[PDB]
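Next up: a single chain in structure tokens, the form deposited in one PDB entry.
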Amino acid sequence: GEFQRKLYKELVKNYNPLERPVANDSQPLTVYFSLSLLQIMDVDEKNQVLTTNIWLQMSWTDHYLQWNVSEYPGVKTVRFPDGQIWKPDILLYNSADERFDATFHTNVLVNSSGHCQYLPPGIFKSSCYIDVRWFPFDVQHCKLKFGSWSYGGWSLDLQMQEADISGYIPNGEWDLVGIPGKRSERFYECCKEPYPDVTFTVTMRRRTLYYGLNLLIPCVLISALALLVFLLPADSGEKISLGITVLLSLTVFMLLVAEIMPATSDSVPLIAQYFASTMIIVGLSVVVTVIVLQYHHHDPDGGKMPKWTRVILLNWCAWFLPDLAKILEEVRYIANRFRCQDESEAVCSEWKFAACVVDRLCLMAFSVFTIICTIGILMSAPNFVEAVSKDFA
């Protein structure tokens, strides 16, 4: 209308977007900063990037953008575009986007008292440290650090307000615990001036039902199968084939959980340590079974030829467990061959007792590894039952 046109013509007279809008130049300009989280779009562990949907919230007071409502009846607010009035230069310090600023520039809304509001939307990709040493039951804290790039403490007085989560859309993979904020003043090598800073710490907790069904069940089944092959009597066909099958299959296909983790050499997930330990154990079992099967089975003393190992093995055993007549004489000779088969079965009994001792060693080593893994994963996080109480449902 007429009054809106007159007001817009008046307001921009002698205005300088460069100048900071304060009545007194010696005093700071208070700016209230806050955040509104709408969606956690991605939590990428390979590159360690958290991608979120966020509305910023900046509020301040402009001294020159004031008018009297009775003189311009009907108009109570005006809106200014990006390059027409002064705006704070608030940036995310720890950004991972190719462009350092990922906010869509919308209008600034001003009312009759010169109160400016600015709520730009954006999709922010920030770099945060991802820890999967406790996978799949882990809590992640990712920081978002916002601050003015070129305005010090004596010029721009940043203030913090509590973040808004009323419009949050729950994620199917991660459960939001909270998002608290902290305001602090930092000193840099640039210059002698404190710089305010506002940091929001998004805390997420994973939902373990999908990964549970995908990994825990076949992992438990494979561990039980390995326990069986440890308990299985040593034989050529079934034992060696099953051992090599478990070894190769696990060693090749277990990387489907390693492909979701970074290569950071700060710690190891407990599931990977358990896999590696059982892998070494089953490898030792298969090599020792092959040795006791094919290397030598014709004499009971073959394995115990050194006294040094013999003493320890014995201690462990004590601690744990006419012409027609000569043709019929050739029939007696094949009977003696059956007797030699009995001798070979006695040698096999001795070597199988040794192999069962080694198998019991593999067995209780594997069970101790499983026990430490499960006691670590059960009493790991405070109020762990919550997961089984909430996620498994």
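Quick note: we count residues from 1 along the sequence shown, nothing fancier. Only the largest set of C-alpha atoms that superpose within 1.5 Å between the two forms is called the rigid core.
What comes next is about the form deposited in another entry, which does not appear here.
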Residue among 161, 94, 150, 236 whose Cα moves 2 Å or more between the shown form and the other one, once the rigid core is superposed:
236
When you overlay the rigid core, is the Cα of residue 300 off by 2 Å or more between the shown form and the other one?
yes
Aligning on the rigid core, do we see the C-alpha of residue 47 shift 2 angstroms or more between the shown form and the other one?
no
After the core is overlaid between the shown form and the other one, has the C-alpha of residue 109 moved by 2 angstroms or more?
no
Note on residue 211-residue 282 C-alpha separation in that other deposited form, which departs from the shown form by 3 angstroms or more:
closer
Would you mind telling me if residue 211 and residue 379 are closer or farther apart in that other deposited form than in the shown form, C-alpha to C-alpha, with a 3 Å or larger change?
closer
